[PDB]
Amino acid sequence: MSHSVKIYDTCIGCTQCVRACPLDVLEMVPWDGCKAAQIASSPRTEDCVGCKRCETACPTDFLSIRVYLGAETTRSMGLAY
Amino acid sequence: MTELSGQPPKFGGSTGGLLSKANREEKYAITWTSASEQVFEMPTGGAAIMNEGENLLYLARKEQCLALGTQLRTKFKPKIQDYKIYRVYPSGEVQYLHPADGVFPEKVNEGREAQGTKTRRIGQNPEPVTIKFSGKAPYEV
Amino acid sequence: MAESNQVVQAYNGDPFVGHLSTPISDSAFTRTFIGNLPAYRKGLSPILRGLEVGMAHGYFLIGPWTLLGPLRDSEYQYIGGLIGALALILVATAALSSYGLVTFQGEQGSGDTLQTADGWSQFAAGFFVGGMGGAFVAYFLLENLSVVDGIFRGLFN
Amino acid sequence: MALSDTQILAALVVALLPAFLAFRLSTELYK
Amino acid sequence: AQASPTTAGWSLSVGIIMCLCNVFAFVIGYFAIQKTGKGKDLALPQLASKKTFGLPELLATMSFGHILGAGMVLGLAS
Amino acid sequence: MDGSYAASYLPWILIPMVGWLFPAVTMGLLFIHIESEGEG
Amino acid sequence: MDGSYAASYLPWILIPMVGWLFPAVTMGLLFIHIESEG
Amino acid sequence: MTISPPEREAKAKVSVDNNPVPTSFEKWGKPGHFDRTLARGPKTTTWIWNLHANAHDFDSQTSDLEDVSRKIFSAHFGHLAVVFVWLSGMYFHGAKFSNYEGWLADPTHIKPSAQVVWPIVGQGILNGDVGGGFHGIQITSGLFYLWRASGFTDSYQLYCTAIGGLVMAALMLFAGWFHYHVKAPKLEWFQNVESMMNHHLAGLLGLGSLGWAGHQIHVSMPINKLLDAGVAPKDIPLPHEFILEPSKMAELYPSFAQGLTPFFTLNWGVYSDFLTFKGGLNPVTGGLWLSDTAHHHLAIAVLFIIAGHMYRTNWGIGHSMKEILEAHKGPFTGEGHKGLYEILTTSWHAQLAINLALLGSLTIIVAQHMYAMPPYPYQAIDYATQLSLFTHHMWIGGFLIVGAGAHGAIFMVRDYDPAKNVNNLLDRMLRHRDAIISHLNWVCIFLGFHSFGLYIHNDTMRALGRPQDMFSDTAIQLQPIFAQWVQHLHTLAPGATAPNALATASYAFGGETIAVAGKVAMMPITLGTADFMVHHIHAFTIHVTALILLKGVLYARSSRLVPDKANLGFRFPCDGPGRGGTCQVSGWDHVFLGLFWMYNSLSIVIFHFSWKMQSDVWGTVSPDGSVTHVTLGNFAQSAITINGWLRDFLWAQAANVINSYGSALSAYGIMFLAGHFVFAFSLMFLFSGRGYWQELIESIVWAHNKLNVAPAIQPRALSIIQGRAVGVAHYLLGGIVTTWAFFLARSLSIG
Amino acid sequence: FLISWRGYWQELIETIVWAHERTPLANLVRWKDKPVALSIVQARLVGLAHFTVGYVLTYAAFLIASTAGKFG
Ligand code: CLA
Ligand code: CLA
Ligand code: CLA
Ligand code: CLA
Ligand code: CLA
Ligand SMILES: CCCCCCCCCCCCCCCC(=O)OC[C@H](COP(=O)(O)OC[C@@H](O)CO)OC(=O)CCCCCCCCCCCCCCC
Ligand SMILES: CCCCCCCCCCCCCCCC(=O)OC[C@H](COP(=O)(O)OC[C@@H](O)CO)OC(=O)CCCCCCCCCCCCCCC
Ligand SMILES: CC1=C(/C=C/C(C)=C\C=C\C(C)=C\C=C\C=C(C)\C=C\C=C(C)\C=C\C2=C(C)CCCC2(C)C)C(C)(C)CCC1
Ligand SMILES: CC1=C(C/C=C(\C)CCC[C@H](C)CCC[C@H](C)CCCC(C)C)C(=O)c2ccccc2C1=O
Ligand code: SF4
Ligand SMILES: [Ca+2]
Ligand SMILES: [Cl-]
């Protein structure tokens with residue numbers, strides 16, 4: 001199920017999305033496309049709820065991290081019951 | 001993963017805690033080491049008391065454990081950056097979740113494989129008509 | 001530490017479970033009362049539990065229409081109440097059986113007999129019979145109220 | 001006079017209190 | 001048909017009722033007041049039981065005595 | 001409630017059948033169907 | 001059986017309750033308690 | 001270094017800073033200075049709206065609790081200045097633009113009028129003939145009645161009151177300036193809650209009613225006794241002539257012959273000439289007895305002055321509020337009130353929530369008390385004045401209550417410390433808020449089904465031609481048995497449980513039908529099945545408003561959905577479409593929904609009041625005594641169905657507002673249409689979303705770019721929260737203005 | 001549905017879910033589908049559907065009844 005979280009090559013490696021994410025969906029991995037030498041990654045999208053905090057945080061001209069809401073699970077619906 | 005240790009925080013009880021899901025579906029655990037007995041905000045409402053030494057707490061959701069973790073690492077005199085978060089299944093199986101490779105994700109780390117990476121800009125996604133009658137959306141290709 | 005005068009403690013000794021042990025939620029009286037209702041009374045097979053629950057419910061379901069339904073001001077007041085109660089118990093039996101049909105498709109647990117397909121069908125059967133009988137017996141009491149009064153007053157001695 | 005109809009079924013509510021307290025005392029003495 | 005008030009204060013309303021209520025209020029105040037002697041203004045030479053433990057205690061318990069006494073007078077006055 | 005049209009005994013039982021039996025049965029079938037957890 | 005005193009409907013149902021329901025309930029509870037555990 | 005007085009510490013608990021904030025006009029020319037985020041510069045039009053949204057948010061402006069307290073103190077001064085200007089304008093318009101003396105000479109055959117419209121574009125039609133050749137707008141504030149009760153006679157007295165009100169406003173303004181800029185009290189000064197409370201109970205409330213009792217005994221009562229006897233206002237001596245001639249006071253009240261000796265010697269009974277306890281209403285004017293009110297204010301002065309002594313300040317005797325709080329803790333509540341004294345002395349939003357709740361409740365109490373115990377002369381004759389004051393105080397109370405919920409939530413977000421609240425009342429309520437809110441939800445559903453559901457059942461039964469199956473006094477009766485019993489107890493109080501009371505406290509509980517002039521002043525207000533149903537509707541709507549607002553407060557910190565909501569703030573749109581969508585989780589949004597529901601509740605309350613008073617109370621009495629009510633006693637059979645309320649209440653009584661054109665009440669029909677318009681307008685903001693409007697602004701901005709007229713402050717659509725604020729504000733304004741026009745036109749047209 | 005948006009209802013439904021899971025006798029029964037608040041789009045659509053049904057039925061009843069009672 002889960003949502004989809006894509007990271008595009010306009011990433012500047014500021015990591016603000018990872019710090020904003022309240023469910024630990026994102027990581028920083030080494031890259032060579034930007035000065036910061038790091039790119040955001042979404043290795044745990046099965047826990048992603050889709051609150052869009054990462055997108056709120058992204059500074060690049062139109063987001064370099066994009067959350068497309070998809071199939072809804074109890075983890076993705078933020079359910080505690 | 002193995003067994004989890006730690007003392008339950010001093011607390012009298014809330015209505016905001018675990019429900020039938022915890023036994024039927026899944027649960028989450030957060031462990032942390034505290035320097036003293038100090039009061040902290042319970043993510044399910046109320047104030048609880050963490051004990052000096054090890055503390056294990058069971059919560060209903062991963063986001064609740066992560067909110068407690070941010071509170072531990074941001075609101076305490078000696079900061080607590082020691083908490084570990086696990087997913088607990090009713091079969092007794094425990095799954096280590098956070099922090100993945102022993103390092104917080106905000107900072108880079110070697111041996112991490114990029115996932116969700118797209119080798120193009122947003123404006124370089126294909127047109128939906130070029131992919132209709134497949135099952136894919138322009139970000140999935 | 002000479003401080004446990006508190007009556008509201010953690011539910012079942014687990015303060016992190018979404019519940020609180022209170023004089024209503026977990027006191028000796030409420031526990032021994034609800035636990036010995038036909039729904040939870042140990043040593044009871046599902047059909048007997050359903051029989052008891054249905055008896056109670058069908059007995060008391062006569063009143064509302066009997067005293068307030070449209071037939072209350074006719075010569076068929078008790079018959080109208082009875083008919084309403086029987087239809088209500090039939091719809092409730094259909095609901096019970098449908099619930100059982102949908103909730104117990106998968107693997108049959110081994111905890112309690114009531115929480116299985118067979119057990120729930122037995123509970124529904126018991127409920128149907130007990131409810132129809134309780135409604136009919138409360139109807140029969142109301143229709144023969146004079147003999148009940150004469151009995152409890154010794155009028156027939 | 002004669003006791004009021006409403007008066008007779010008013011002492012029973014007050015009797016509910018010693019009933020509760022006797023229940024509590026019995027359960028405590030059983031301990 | 002109103003409440004009649006003794007008609008004149010003379011000897012009955014005063015002393016026999018008012019002073020007694022003030023005295024018994026002073027007793028209950030000396031018995032039950034917590035901070036007995038620590039007001040901004042202190043009391044003159046103690047001696048008896050009037051300014052023995054602070055002007056504040058004395059004034060407060062005399063106010064309460066007049067409350068008790070007014071109640072007593074108006075009540076017994078019918 | 002009556003009817004002078006032909007076969008006026010038909011609404012007598014069809015109105016309960018359309019208002020009570022038809023909805024009860026169709027809702028029950030759709031209920032057991034949407035809750036069916038047979039794989040697929 | 002009748003009663004010119006007020007609430008004469010109260011003994012009507014209260015005599016069976018004190019004589020049938022209450023004794024049956026207390027005796028059943030005490031019987032279950034006597035024969036408990038095993 | 002402005003004007004420096006000596007000291008004025010008086011060896012007290014006073015502690016001020018001599019001159020912390022200097023006076024200057026430069027920060028006037030820099031709009032947005034109080035917020036760091038706005039002092040930079042407006043880049044988008046959002047900056048503009050924010051400039052108004054955070055103006056009084058002193059917490060987000062500075063972190064010094066002392067500076068916030070000083071700001072609040074000086075703003076209180078400025079607010080009192082504004083209210084003084086308003087009241088002085090009221091007295092000035094009564095002095096120089098009202099027919100107060102002509103009304104005083106013949107109150108029955110004239111209508112209270114102030115404010116003369118200037119004859120232009122045809123608006124001169126609004127100067128309707130109110131009596132005695134006077135043409136203007138009829139006022140429903142009831143200022144003339146308060147003035148006759150006070151003892152006013154000449155316009156020059158009202159003009160002196162207006163001049164004094166302007167001077168008092170200047171005083172309050174200067175005091176605010178002086179106490180924020182010059183001598184600014186330290187934080188330690190505001191935290192003397194025992195001192196403040198002793199003073200407010202003793203000096204503010206007690207001395208106020210003491211001085212007003214003095215004025216009523218010396219000025220109000222004698223002038224009103226001479227007016228009720230018909231001595232005419234031109235022949236009654238000035239108020240001071242009764243102080244200069246104590247014989248004139250003894251001739252009206254012989255008790256004044258014996259002097260102050262009954263007071264000092266406790267011989268109070270002889271004071272029966274002006275200290276009375278009659279209970280009912282004045283037969284000549286229909287208001288309360290001014291001697292009863294003087295005695296009332298006297299006893300209230302006594303009680304409040306006495307109460308101003310419980311708390312401890314500098315002299316040892318008194319009470320420590322922290323002690324009384326910490327003492328109260330039981331086996332159900334752990335530590336009870338341990339920590340409440342600390343939050344009620346360092347958090348402004350806590351005091352504000354408590355005070356808003358109690359003040360709104362008190363204003364509702366004021367409406368419900370002033371309608372049935374009309375305290376002013378000739379008030380009950382004017383059904384427009386009565387209805388207007390009732391609905392106004394109702395609305396004020398409801399708004400204050402919604403604000404109370406708001407600031408409870410704000411406290412929870414901003415000033416809640418879990419270390420300072422461990423196993424106390426607040427902690428345990430947060431620990432079982434799920435239980436609380438779930439049960440309140442169930443009670444709300446039960447009330448909705450068992451109040452409005454009764455109306456729906458009655459509509460369906462009546463439509464089917466089955467009146468015998470309805471809920472009504474003539475079918476399935478739902479008698480308000482307890483309220484009827486309490487009414488009967490009230491009726492029997494004088495002479496029995498109230499020996500020294502001559503009449504009942506309010507004739508709405510029962511008794512004779514007091515009637516002044518052709519109209520009925522006040523009569524018994526019977527209660528039946530319709531009253532039962534309306535009252536349980538009131539219960540339902542009040543419980544739903546409480547549910548919304550209490551849920552907003554209890555979950556402002558967190559929920560199972562949003563566990564870190566406290567970090568998001570009091571006021572924020574959402575936390576994303578994820579988790580299924582999290583729109584309106586903030587405390588602010590709960591206030592936003594509670595606004596609509598309070599509007600719903602109070603609309604029903606005022607509709608109930610209007611219809612019940614027009615059906616079963618107000619009307620015309622005959623020389624025989626026959627009472628023909630305004631709408632002919634139609635409440636019992638019509639107010640039991642919704643169609644009855646739509647037809648016999650709304651549709652029927654709306655006939656005056658719609659036919660008001662070409663007459664003096666035409667502005668009321670105009671404002672009627674205007675309120676409908678603004679209500680409809682609000683639905684655009686409430687039903688839509690910011691994204692569409694911003695995208696449309698994109699094309700409009702492109703058209704501006706095409707002709708090079710694009711503004712540097714970029715147009716941005718209203719923010720989500722702002723969209724809702726605009727929506728709710730216009731909804732409330734439109735609906736309330738509609739019913740304001742409806743009520744005023746209907747009540748002024750029925751004579 | 002149009003005015004009041006979703007998160008407030010999801011929290012209320014969570015309180016109701018807790019109320020059910022802790023009420024004995026009712027605890028014997030459990031939902032086959034987890035109760036949740038209506039989605040955002042679903043809310044818009046359901047609110048519009050009520051708006052439109054009420055719109056059309058109100059005006060139809062008015063038009064028909066007025067023209068029939070007056071007979072043109
Ligand atoms: C709007 C709701 C509503 C309405 C209108 C009614 C209406 C009515 N109810 Mg009901 N009820 C309701 C809700 C309602 N109820 C609810 C919510 C409950 C709780 C679940 C009950 C439970 C209840 C009970 C238990 C009974 C009623 C009964 C009645 C009827 C009593 C009036 C009468 O006919 O006098 C006559 C009343 C009697 C003759 C009492 C019956 C006396 C029998 C013989 C018992 C004797 C006691 C003793 C233990 C004997 C047991 C023998 C055993 C040892 C073998 C009446 C028509 C009574 C009834 O159905 O009449 C038969 C009755 O027994 N109600
Ligand atoms: C779609 C057309 C249509 C509609 C809207 C109605 C409407 C109605 N009919 Mg009628 N009926 C119809 C066709 C229709 N009829 C036809 C063709 C026949 C001859 C076979 C009948 C024979 C019939 C009888 C004998 C009676 C009614 C009666 C009624 C009334 C009560 C409902 C009922 O009991 O129906 C019952 C209907 C049937 C037993 C026959 C089925 C009707 C058609 C063939 C099926 C319609 C399927 C429909 C197109 C599916 C689309 C649904 C959509 C929401 C997806 C109701 C106002 C009762 C009455 O007169 O009230 C006083 C009554 O007793 N109908
Ligand atoms: C008996 C002494 C006394 C009195 C009269 C007041 C009165 C008042 N206080 Mg204050 N207060 C006092 C003691 C007193 N306080 C003390 C000792 C403290 C320290 C703990 C405080 C601290 C305190 C705070 C923090 C605040 C107040 C505020 C207020 C005002 C709010 C109530 C209101 O608006 O009603 C109606 C208002 C009026 C009727 C205004 C007329 C009253 C004038 C200004 C003063 C009276 C004149 C003077 C006594 C001489 C006239 C009487 C004489 C001729 C017989 C009010 C006028 C609030 C405020 O600032 O309001 C602006 C506020 O925030 N008080
Ligand atoms: C369930 C308990 C309860 C209830 C029912 C109330 C209700 C009320 N309180 Mg109270 N309060 C409580 C608990 C309670 N409070 C406790 C435990 C404390 C001790 C900390 C206080 C101390 C307090 C004070 C000091 C005052 C009130 C006042 C009031 C009244 C305000 C009316 C109003 O807003 O109109 C208009 C407002 C006024 C006429 C005066 C406004 C006074 C200021 C502006 C508010 C208080 C400032 C605050 C103490 C600043 C310090 C807090 C922090 C910054 C350190 C109101 C009816 C006020 C009052 O007048 O009492 C009669 C007031 O002076 N409360
Ligand atoms: C007429 C318009 C309307 C209606 C009917 C409702 C309905 C309701 N609102 Mg709501 N609301 C409205 C307007 C309306 N709202 C608007 C405009 C807003 C925006 C401000 C809100 C925002 C709002 C909030 C924030 C809240 C509510 C709440 C509630 C519920 C209160 C509980 C209750 O009353 O029990 C039930 C009552 C009813 C369901 C009314 C209809 C009952 C009829 C008479 C019986 C129907 C018979 C049968 C079922 C028919 C079946 C047909 C068959 C074919 C199956 C209730 C269901 C509160 C709540 O949830 O309380 C628990 C709550 O929190 N409303
Ligand atoms: C206001 C007073 C409150 C009391 C309730 C009043 C009416 C309600 C009756 C409900 C009872 C609940 C039944 C289930 C209670 C129940 O079955 O409990 C359970 C237990 C046997 O069941 P188990 O042990 O298997 O169940 C344990 C768990 O399932 C508990 O839930 O029975 C007993 O404990 C014995 C009963 C006590 C015997 C009491 C002695 C009484 C004799 C003395 C009487 C004196 C009378 C003097 C005055 C005349
Ligand atoms: C017609 C009135 C109908 C209500 C009667 C039934 C009451 C319902 C709840 C029973 C307990 C509350 C009464 C004891 C009052 C009481 O304080 O009991 C005592 C106990 C706490 O008392 P403590 O011993 O802790 O006292 C020390 C205090 O200083 C605590 O700070 O309260 C509780 O156990 C918590 C539950 C109260 C919350 C229950 C309220 C539920 C809302 C129901 C609203 C009904 C409307 C009333 C109309 C005005
Ligand atoms: C106890 C109690 C209570 C109360 C309750 C109520 C209010 C009620 C109930 C009541 C009821 C609910 C009763 C009942 C009755 C029933 C019956 C009595 C039954 C029956 C049946 C029979 C007898 C049989 C029949 C039949 C059959 C089945 C077979 C065939 C046919 C016939 C008909 C024969 C409470 C919880 C509060 C508390 C505690 C105690
Ligand atoms: C219409 C609309 C807009 C567009 C509205 C805008 C851009 C507001 C336009 C305001 C203009 C610029 C000012 C006109 C009103 C003045 C405030 C009135 C005072 C002017 C004085 C001269 C009197 C939104 O941005 C929006 C956002 C979220 C939910 C709903 C809506 C919504 O409905
Ligand atoms: S916020 Fe955007 S630019 Fe910054 S690291 Fe994350 S994806 Fe890259
Ligand atoms: Ca009938
Ligand atoms: Cl009607």
Side-chain angles (χ1 to χ4, degrees), chain C residues 28-37 40-43, chain D residues 16-17 19-24 26-27 30, chain F residues 23, chain G residues 18 22 25-34 36-37, chain H residues 65-66 68-69 72-73 76 187 190-197 199-201 204-205 304 311 321-322 324-325 337 340-348 350-352 354-359 361-362 400 440-457 460 540-541 543-545 547-548 551 584 590 592-597 599-600 686 728 731, chain I residues 1-4 8-9 12 16 47 50 54:
Chain C
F29 167 80
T30 76
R31 174 148 41 178
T32 203
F33 180 83
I34 307 297
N36 292 278
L37 282 166
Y40 300 117
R41 170 142 23 95
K42 29 70 58 174
Chain D
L16 284 183
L17 180 58
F20 173 80
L21 299 174
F23 169 73
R24 292 215 73 203
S26 299
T27 52
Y30 185 77
Chain G
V18 176
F22 162 76
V25 172
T26 23
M27 286 189 299
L29 288 178
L30 288 163
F31 169 61
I32 297 177
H33 181 77
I34 286 180
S36 201
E37 289 188 340
Chain H
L65 180 64
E66 176 181 79
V68 179
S69 299
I72 292 163
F73 198 49
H76 286 199
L187 171 59
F190 297 96
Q191 305 214 4
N192 298 274
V193 300
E194 287 79 356
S195 180
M196 205 178 303
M197 183 66 56
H199 294 74
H200 286 40
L201 302 175
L204 177 64
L205 305 169
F304 273 148
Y311 306 92
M321 307 194 68
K322 181 175 180 181
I324 314 191
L325 284 169
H337 311 67
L340 244 47
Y341 185 85
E342 288 76 349
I343 59 176
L344 272 186
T345 195
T346 60
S347 176
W348 279 98
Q351 294 291 349
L352 187 51
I354 301 177
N355 293 12
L356 285 171
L358 268 295
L359 188 58
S361 299
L362 201 152
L400 295 177
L440 190 35
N441 173 280
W442 167 78
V443 180
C444 287
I445 303 172
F446 173 81
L447 285 176
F449 276 136
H450 295 74
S451 54
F452 173 78
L454 310 182
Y455 286 90
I456 293 308
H457 156 282
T460 289
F540 160 66
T541 64
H543 289 79
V544 170
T545 317
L547 168 63
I548 302 168
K551 161 146 149 39
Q584 320 174 354
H590 288 78
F592 160 78
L593 305 178
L595 279 165
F596 292 93
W597 256 100
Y599 167 80
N600 200 36
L686 298 143
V728 66
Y731 198 104
Chain I
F1 306 104
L2 304 167
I3 291 159
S4 87
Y8 165 96
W9 297 104
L12 194 61
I16 302 175
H50 289 75

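We count ligands from 1, going down the list as the structure has it; atoms in each ligand are counted the same way. Naming convention: chains lettered A, B, ... in sequence-line order (proteins, then strands); numbering from 1 in each chain. The analysis underlying the following values was restricted to heavy atoms, covering all of them including side chains, and did not include hydrogens, waters or symmetry mates.
Between G/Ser36 and ligand 6, no N or O atom pair is found at a separation short of 3.5 Å. On a distance-only criterion, C/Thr32 and ligand 6 share at least one N/O pair closer than 3.5 Å.
Atoms of ligand 4 found under 4.0 Å from any heavy atom of H/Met321, numbered from 1 in the order shown, are 18 (C), 19 (C). Close contacts between ligand 6 and G/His33 involve ligand atoms 35 (C) [criterion: under 4.0 Å to a heavy atom]. In summary, the atoms of ligand 4 found under 4.0 Å from a heavy atom of H/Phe190, numbered by their order in the structure, are 51 (C). Distances below 4.0 Å separate heavy atoms of H/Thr346 from the following atoms of ligand 4: 53 (C), 55 (C). For ligand 6 and G/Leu30, the ligand atoms under 4.0 Å from any heavy atom of the residue are 40 (C), 42 (C). Per-residue contacts place H/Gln191 under 4.0 angstrom from the following atoms of ligand 4 (heavy atoms of the residue considered): 55 (C). The H/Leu204 neighbourhood of ligand 4 comprises atoms 39 (C), with distances under 4.0 Å to a heavy atom of that residue. Of all atoms in ligand 6, numbered sequentially from 1 with element shown, those under 4.0 Å from a heavy atom of C/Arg31 are 30 (C), 31 (O). Atom numbering of ligand 6 starts at 1 in the shown order; those under 4.0 Å from a heavy atom of C/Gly35 are 31 (O). Annotation for ligand 4: atoms under 4.0 Å from non-hydrogen atoms of H/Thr345 are 52 (C), 53 (C), 54 (C), 55 (C). Taking every heavy atom of H/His76 and a limit of under 4.0 angstrom, the matching atoms of ligand 4 come to 44 (C). Short contacts between ligand 6 and G/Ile32, defined as distances under 4.0 Å to a heavy atom of the residue, involve ligand atoms 21 (C).
Ranking the protein heavy atoms by distance from atom 10 (C) of ligand 6 puts C/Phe33 CD1, 3.8 Å first. For atom 29 (O) of ligand 6, the closest heavy atom belonging to the protein is C/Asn36 ND2, 4.3 Å. Protein heavy atom nearest atom 3 (C) of ligand 6, with residue, atom name and distance: C/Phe29 CE1, 4.3 Å. In terms of protein heavy atoms, atom 49 (C) of ligand 6 is closest to G/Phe22 CZ, 3.5 Å. Looking only at protein heavy atoms, the nearest one to atom 25 (O) of ligand 6 is C/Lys42 CD, 3.2 Å. What sits closest to atom 35 (C) of ligand 6 on the protein, heavy atoms only, is G/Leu29 O, 3.4 Å. In terms of protein heavy-atom proximity, atom 43 (C) of ligand 6 is closest to G/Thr26 CG2, 4.7 Å.
A heavy-atom separation below 4.0 Å is not found between H/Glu194 and ligand 4.
At a distance under 4.0 Å, a protein heavy atom can be found next to atom 13 (C) of ligand 6. When distances from atom 27 (C) of ligand 6 to the protein are checked, no heavy atom turns up under 4.0 Å. At a distance under 4.0 Å, a protein heavy atom can be found next to atom 16 (C) of ligand 6. The protein reaches atom 5 (C) of ligand 6 closely, with a heavy atom under 4.0 angstrom from it. Put simply, atom 8 (C) of ligand 6 has no protein non-hydrogen atoms near it, under 4.0 Å away. Shown here, atom 21 (C) of ligand 6 is in close reach of the protein: a heavy atom of it lies under 4.0 Å off. Using a 4.0 Å threshold on non-hydrogen atoms, atom 40 (C) of ligand 6 counts as touching the protein.
Closest heavy-atom contact between C/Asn36 and C/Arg41: O-NE, 2.8 Å. C/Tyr40 and C/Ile34 get closest at one heavy-atom pair: CD1-O, 3.2 Å.
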| request: Verify side chain to side chain contact (heavy atoms under 4.5 Å, CB included) between H/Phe190 and H/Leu65, making sure each step is shown before the conclusion. | output: CA-CA 10 Å; H/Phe190 297 96; H/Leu65 180 64; over 6 Å; no
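Put simply, CD on H/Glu342 and CD on H/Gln191 are 10.0 Å apart, with the number rounded to the nearest 0.5 Å.
By the 30° and 60° cut-offs, the orientation of the rings of H/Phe592 relative to H/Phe596 is perpendicular. The aromatic rings of I/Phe1 and I/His50 sit tilted, their planes meeting at an angle between 30° and 60°.
In H/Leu344, the parts holding a heavy atom less than 4.0 Å from any atom of ligand 4 are both the side chain and the backbone.
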Please tabulate, one line per pair, the protein nitrogen or oxygen atoms found under 3.5 angstrom from a nitrogen or oxygen of ligand 5, with distances to 0.1 Å, or say none if there are no such pairs.
{"from": "ligand 5", "atom 1": "35 (O)", "to": "H/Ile445", "atom 2": "O", "distance (Å)": "3.4"}
{"from": "ligand 5", "atom 1": "64 (O)", "to": "I/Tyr8", "atom 2": "OH", "distance (Å)": "2.5"}
{"from": "ligand 5", "atom 1": "65 (N)", "to": "H/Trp597", "atom 2": "NE1", "distance (Å)": "3.1"}

